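The block underneath contains the structure these notes are about, expressed in structure tokens.
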Amino acid sequence: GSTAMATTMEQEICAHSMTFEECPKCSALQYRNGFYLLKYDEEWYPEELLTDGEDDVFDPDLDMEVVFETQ
Ligand SMILES: [Zn+2]
């Protein structure tokens, strides 16, 4: 159920930040979300193919301030 086992875990795990129940909301909010949705990318094939787990995207340092939604 929604990737997770019907959100039994309850540890707020998602591509963005929230639970799998709120995963569609999270996906809608940022769109990129570790390039979970392939369709988002212009070339279709994104740099990060893998579904974001725990801060998988932007692993190398980009900005000093760590904000999940950073462009
Ligand atoms: Zn997500």
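Labeling convention for the structure tokens: chains A, B, ... as they appear, residues from 1 per chain, ligands from 1 in order of appearance.
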Enumerate, in order of chain and increasing residue number, the residues of chain A with an atom no farther than 9 Å from ligand 1, each with its shortest atom pair and distance in Å to one decimal, counting only C-alpha atoms and all ligand atoms, as JSON lines.
{"residue": "A:13", "atom": "CA", "partner": "ligand 1", "partner_atom_place_in_ligand_line": "1 (Zn)", "distance": 8.0}
{"residue": "A:14", "atom": "CA", "partner": "ligand 1", "partner_atom_place_in_ligand_line": "1 (Zn)", "distance": 4.2}
{"residue": "A:15", "atom": "CA", "partner": "ligand 1", "partner_atom_place_in_ligand_line": "1 (Zn)", "distance": 3.5}
{"residue": "A:16", "atom": "CA", "partner": "ligand 1", "partner_atom_place_in_ligand_line": "1 (Zn)", "distance": 4.9}
{"residue": "A:17", "atom": "CA", "partner": "ligand 1", "partner_atom_place_in_ligand_line": "1 (Zn)", "distance": 7.0}
{"residue": "A:18", "atom": "CA", "partner": "ligand 1", "partner_atom_place_in_ligand_line": "1 (Zn)", "distance": 7.3}
{"residue": "A:19", "atom": "CA", "partner": "ligand 1", "partner_atom_place_in_ligand_line": "1 (Zn)", "distance": 7.9}
{"residue": "A:20", "atom": "CA", "partner": "ligand 1", "partner_atom_place_in_ligand_line": "1 (Zn)", "distance": 6.8}
{"residue": "A:22", "atom": "CA", "partner": "ligand 1", "partner_atom_place_in_ligand_line": "1 (Zn)", "distance": 7.8}
{"residue": "A:23", "atom": "CA", "partner": "ligand 1", "partner_atom_place_in_ligand_line": "1 (Zn)", "distance": 4.3}
{"residue": "A:24", "atom": "CA", "partner": "ligand 1", "partner_atom_place_in_ligand_line": "1 (Zn)", "distance": 6.5}
{"residue": "A:25", "atom": "CA", "partner": "ligand 1", "partner_atom_place_in_ligand_line": "1 (Zn)", "distance": 7.8}
{"residue": "A:26", "atom": "CA", "partner": "ligand 1", "partner_atom_place_in_ligand_line": "1 (Zn)", "distance": 5.3}
{"residue": "A:27", "atom": "CA", "partner": "ligand 1", "partner_atom_place_in_ligand_line": "1 (Zn)", "distance": 5.0}
{"residue": "A:28", "atom": "CA", "partner": "ligand 1", "partner_atom_place_in_ligand_line": "1 (Zn)", "distance": 8.7}
{"residue": "A:33", "atom": "CA", "partner": "ligand 1", "partner_atom_place_in_ligand_line": "1 (Zn)", "distance": 6.2}
{"residue": "A:34", "atom": "CA", "partner": "ligand 1", "partner_atom_place_in_ligand_line": "1 (Zn)", "distance": 8.4}
{"residue": "A:36", "atom": "CA", "partner": "ligand 1", "partner_atom_place_in_ligand_line": "1 (Zn)", "distance": 7.3}
{"residue": "A:51", "atom": "CA", "partner": "ligand 1", "partner_atom_place_in_ligand_line": "1 (Zn)", "distance": 8.6}
{"residue": "A:52", "atom": "CA", "partner": "ligand 1", "partner_atom_place_in_ligand_line": "1 (Zn)", "distance": 7.7}
{"residue": "A:53", "atom": "CA", "partner": "ligand 1", "partner_atom_place_in_ligand_line": "1 (Zn)", "distance": 8.8}
Given the selection you just returned, output its residues as a file containing N, CA, C and O atoms, formatted as a PDB file, in the first residue's frame.
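Just written: selection_4.pdb:
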ATOM      1  N   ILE A  13       8.934   8.435   6.163  1.00  0.00           N
ATOM      2  CA  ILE A  13       9.826   8.145   5.067  1.00  0.00           C
ATOM      3  C   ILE A  13       9.147   8.381   3.745  1.00  0.00           C
ATOM      4  O   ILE A  13       8.044   7.896   3.479  1.00  0.00           O
ATOM      5  N   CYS A  14       9.799   9.229   2.924  1.00  0.00           N
ATOM      6  CA  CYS A  14       9.360   9.601   1.603  1.00  0.00           C
ATOM      7  C   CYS A  14      10.533  10.221   0.895  1.00  0.00           C
ATOM      8  O   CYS A  14      11.566  10.529   1.497  1.00  0.00           O
ATOM      9  N   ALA A  15      10.369  10.425  -0.430  1.00  0.00           N
ATOM     10  CA  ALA A  15      11.332  11.025  -1.308  1.00  0.00           C
ATOM     11  C   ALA A  15      11.609  12.442  -0.868  1.00  0.00           C
ATOM     12  O   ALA A  15      12.758  12.881  -0.922  1.00  0.00           O
ATOM     13  N   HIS A  16      10.559  13.186  -0.425  1.00  0.00           N
ATOM     14  CA  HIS A  16      10.740  14.537   0.023  1.00  0.00           C
ATOM     15  C   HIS A  16      10.977  14.505   1.515  1.00  0.00           C
ATOM     16  O   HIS A  16      12.123  14.679   1.930  1.00  0.00           O
ATOM     17  N   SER A  17       9.922  14.265   2.351  1.00  0.00           N
ATOM     18  CA  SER A  17      10.113  14.244   3.783  1.00  0.00           C
ATOM     19  C   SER A  17       9.092  13.466   4.567  1.00  0.00           C
ATOM     20  O   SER A  17       9.450  12.763   5.513  1.00  0.00           O
ATOM     21  N   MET A  18       7.803  13.557   4.168  1.00  0.00           N
ATOM     22  CA  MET A  18       6.684  12.953   4.856  1.00  0.00           C
ATOM     23  C   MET A  18       6.470  11.482   4.617  1.00  0.00           C
ATOM     24  O   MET A  18       7.460  10.770   4.484  1.00  0.00           O
ATOM     25  N   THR A  19       5.359  10.953   5.188  1.00  0.00           N
ATOM     26  CA  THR A  19       4.969   9.565   5.095  1.00  0.00           C
ATOM     27  C   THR A  19       4.484   9.227   3.709  1.00  0.00           C
ATOM     28  O   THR A  19       4.164  10.118   2.919  1.00  0.00           O
ATOM     29  N   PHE A  20       4.421   7.909   3.384  1.00  0.00           N
ATOM     30  CA  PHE A  20       3.942   7.448   2.101  1.00  0.00           C
ATOM     31  C   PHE A  20       2.500   7.809   1.844  1.00  0.00           C
ATOM     32  O   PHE A  20       2.093   7.879   0.682  1.00  0.00           O
ATOM     33  N   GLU A  22       1.249  10.703   2.558  1.00  0.00           N
ATOM     34  CA  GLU A  22       1.406  12.044   2.061  1.00  0.00           C
ATOM     35  C   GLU A  22       2.438  12.128   0.958  1.00  0.00           C
ATOM     36  O   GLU A  22       2.790  13.230   0.534  1.00  0.00           O
ATOM     37  N   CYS A  23       2.923  10.968   0.435  1.00  0.00           N
ATOM     38  CA  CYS A  23       3.913  10.907  -0.617  1.00  0.00           C
ATOM     39  C   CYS A  23       3.439  11.592  -1.876  1.00  0.00           C
ATOM     40  O   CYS A  23       4.267  12.306  -2.442  1.00  0.00           O
ATOM     41  N   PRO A  24       2.159  11.442  -2.373  1.00  0.00           N
ATOM     42  CA  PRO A  24       1.712  12.147  -3.558  1.00  0.00           C
ATOM     43  C   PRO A  24       1.790  13.642  -3.376  1.00  0.00           C
ATOM     44  O   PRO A  24       2.131  14.330  -4.341  1.00  0.00           O
ATOM     45  N   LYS A  25       1.467  14.143  -2.154  1.00  0.00           N
ATOM     46  CA  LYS A  25       1.516  15.542  -1.809  1.00  0.00           C
ATOM     47  C   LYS A  25       2.935  16.039  -1.892  1.00  0.00           C
ATOM     48  O   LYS A  25       3.189  17.089  -2.479  1.00  0.00           O
ATOM     49  N   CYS A  26       3.890  15.253  -1.335  1.00  0.00           N
ATOM     50  CA  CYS A  26       5.296  15.561  -1.312  1.00  0.00           C
ATOM     51  C   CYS A  26       5.846  15.646  -2.705  1.00  0.00           C
ATOM     52  O   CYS A  26       6.629  16.551  -3.013  1.00  0.00           O
ATOM     53  N   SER A  27       5.418  14.696  -3.572  1.00  0.00           N
ATOM     54  CA  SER A  27       5.825  14.629  -4.942  1.00  0.00           C
ATOM     55  C   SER A  27       5.356  15.843  -5.680  1.00  0.00           C
ATOM     56  O   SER A  27       6.133  16.445  -6.409  1.00  0.00           O
ATOM     57  N   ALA A  28       4.086  16.244  -5.460  1.00  0.00           N
ATOM     58  CA  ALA A  28       3.492  17.394  -6.088  1.00  0.00           C
ATOM     59  C   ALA A  28       4.169  18.674  -5.687  1.00  0.00           C
ATOM     60  O   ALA A  28       4.387  19.550  -6.524  1.00  0.00           O
ATOM     61  N   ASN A  33      11.972  15.584  -6.321  1.00  0.00           N
ATOM     62  CA  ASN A  33      11.948  14.536  -5.326  1.00  0.00           C
ATOM     63  C   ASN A  33      12.895  13.388  -5.552  1.00  0.00           C
ATOM     64  O   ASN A  33      12.518  12.223  -5.401  1.00  0.00           O
ATOM     65  N   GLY A  34      14.160  13.691  -5.930  1.00  0.00           N
ATOM     66  CA  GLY A  34      15.141  12.659  -6.181  1.00  0.00           C
ATOM     67  C   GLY A  34      14.897  11.954  -7.486  1.00  0.00           C
ATOM     68  O   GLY A  34      15.363  10.833  -7.689  1.00  0.00           O
ATOM     69  N   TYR A  36      12.095  10.779  -8.705  1.00  0.00           N
ATOM     70  CA  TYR A  36      11.190   9.675  -8.485  1.00  0.00           C
ATOM     71  C   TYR A  36      10.296   9.549  -9.697  1.00  0.00           C
ATOM     72  O   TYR A  36      10.111   8.449 -10.220  1.00  0.00           O
ATOM     73  N   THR A  51      15.134   6.060  -6.976  1.00  0.00           N
ATOM     74  CA  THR A  51      14.124   6.652  -6.143  1.00  0.00           C
ATOM     75  C   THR A  51      14.851   7.099  -4.906  1.00  0.00           C
ATOM     76  O   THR A  51      15.671   6.361  -4.351  1.00  0.00           O
ATOM     77  N   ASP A  52      14.564   8.347  -4.475  1.00  0.00           N
ATOM     78  CA  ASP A  52      15.180   8.933  -3.315  1.00  0.00           C
ATOM     79  C   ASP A  52      14.717   8.187  -2.091  1.00  0.00           C
ATOM     80  O   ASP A  52      13.533   7.876  -1.941  1.00  0.00           O
ATOM     81  N   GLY A  53      15.695   7.862  -1.219  1.00  0.00           N
ATOM     82  CA  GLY A  53      15.485   7.160   0.014  1.00  0.00           C
ATOM     83  C   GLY A  53      15.641   8.195   1.075  1.00  0.00           C
ATOM     84  O   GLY A  53      14.703   8.948   1.342  1.00  0.00           O
TER      85      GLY A  53
END
### Task
From chain A, collect each residue whose DSSP state is alpha helix (DSSP H) and return the set as an MDAnalysis selection string.
chainID A and resid 23:30
#### Entry: Test item: residues at most 10 Å from residue 47 in chain A, only C-alpha atoms, excluding those fewer than 4 positions along its chain, as a PyMOL selection string
chain A and resi 34-35+41+43+57
Go ahead and dump the residues you just picked, N, CA, C and O atoms, as a compact mmCIF listing (two decimals), in the first residue's frame.
# COMPACT_ATOMS: atom_id res chain seq x y z
N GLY A 34 14.16 13.69 -5.93
CA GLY A 34 15.14 12.66 -6.18
C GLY A 34 14.90 11.95 -7.49
O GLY A 34 15.36 10.83 -7.69
N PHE A 35 14.16 12.63 -8.40
CA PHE A 35 13.77 12.19 -9.71
C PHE A 35 13.01 10.89 -9.70
O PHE A 35 13.20 10.00 -10.53
N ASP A 41 11.69 15.05 -15.83
CA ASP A 41 12.87 15.39 -16.57
C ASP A 41 12.56 15.63 -18.03
O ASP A 41 11.79 14.90 -18.66
N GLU A 43 14.69 15.48 -20.62
CA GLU A 43 15.30 14.48 -21.46
C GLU A 43 14.75 13.10 -21.15
O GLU A 43 15.11 12.13 -21.82
N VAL A 57 19.34 12.39 -3.13
CA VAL A 57 19.58 13.45 -4.07
C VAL A 57 20.44 14.52 -3.44
O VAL A 57 20.39 14.77 -2.23
#### Entry: Atomic separation - CA of residue 40 in chain A relative to CA of residue 2 in chain A, Å
19.8 Å
